[PDB]
C-alpha cells in the first residue's frame, strides 16, 4: 500500500518535495492517531536522505524513511507510559538514549526545552527531533575522518550543511 500514497503525490520525476511528502505521509495513516506531521518536519526528513542534493526524495530513499518512521513510532509508544500522544521530558530523554545516543545532561536539557509545549512533547516534534538528531550526526561523522569525536569545519561548508537541515 505504501507505493500507492507515494505515487499519488509524486511529481514528474517520480520524486516528492517536502509538501508532497507531507500529503503522502498523512494520507498514509502512519500518524493517523497522533498529531499529523508539519511541513518543517517533512523538510528535515528529505534533507536527512538528500544525497543527490535536490530537495526532493525518490521511492528508494522514501523506503529508508518509512523504515525509520515506524521504528521511531514504536519507541514513542513504548515510552508513552499512558496514551494521549504526548511524551514527557523524562519520557523523551529515555527515547534518545534508546536510539543509541550518549548525550550529556545539559545537551539533553537543551534539546527538550527546544520541543516542549507545557512540559509536553507532541508526536510531530518528537519525530522532528529524531530526524534532526540523525541528520546532524551524519554530517558531523563525515567530517570526523579519524572518528575522534571532534572535527574541523570551514565556515562555508559548516553553513551549507546546517542550513540544509
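Residue numbers count along the first chain shown, from 1.
Averaged over CA atoms, B-factors in the entry run higher in 100-108 than in the other of 132-140 and 100-108. Two stretches are in play, 10-18 and 149-157, and the higher mean C-alpha B-factor belongs to 10-18.
Ranked by Cα temperature factor within the chain, residue 60 sits in the middle third according to the deposited record. Sorting the modelled residues of the chain by their CA temperature factor places residue 34 in the highest third. When the CA B factors of the chain's modelled residues are split into thirds, the value for residue 43 lands in the lowest one.
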